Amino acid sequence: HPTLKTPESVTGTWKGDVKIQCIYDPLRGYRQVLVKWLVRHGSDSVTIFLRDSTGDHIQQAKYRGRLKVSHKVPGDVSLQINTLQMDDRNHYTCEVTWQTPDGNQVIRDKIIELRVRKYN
């Protein structure tokens, strides 16, 4: 399966915008079937974004209208956050599910720490 490639951490500016990269090289046989982004919520995680066969779903009021996950370049499922909040400092998980020719599904994920600085 494709390696999910992410930086270890990303730093953005308070009230600015930032991208958290999550990219894999497409690989013959492996069809992407689900993408999720999750954020830590105390001692577990919660979904903040899902892309599936019916498109993108961002259903929390705190996120709807300010998250964009890349969609035009195969393998690029990077998350961009509009107007960073100090409380956006957190660990974010990029999670991708692929299907193989035999119908097997492989799921991989990666945790990226997001830091938020008050000024540039």
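Residue numbers run from 1 along the displayed sequence.
Stretch exceeding the other in mean C-alpha B-factor - 85-93, 53-61:
53-61 has the higher mean C-alpha B-factor.
Higher-B stretch (mean Cα B-factor, as the entry records it), 5-13 or 97-105:
Comparing 5-13 with 97-105, the higher mean C-alpha B-factor belongs to 97-105.
Using the entry's values, work out which of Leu79, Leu27, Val35, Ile48 has the largest Cα B factor.
Each of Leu79, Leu27, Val35, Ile48 was compared by C-alpha B-factor; the highest is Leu27.
Record-listed C-alpha B factor of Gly75: chain third:
Lowest third - that is where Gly75 ends up once the chain's C-alpha B-factors are sorted.
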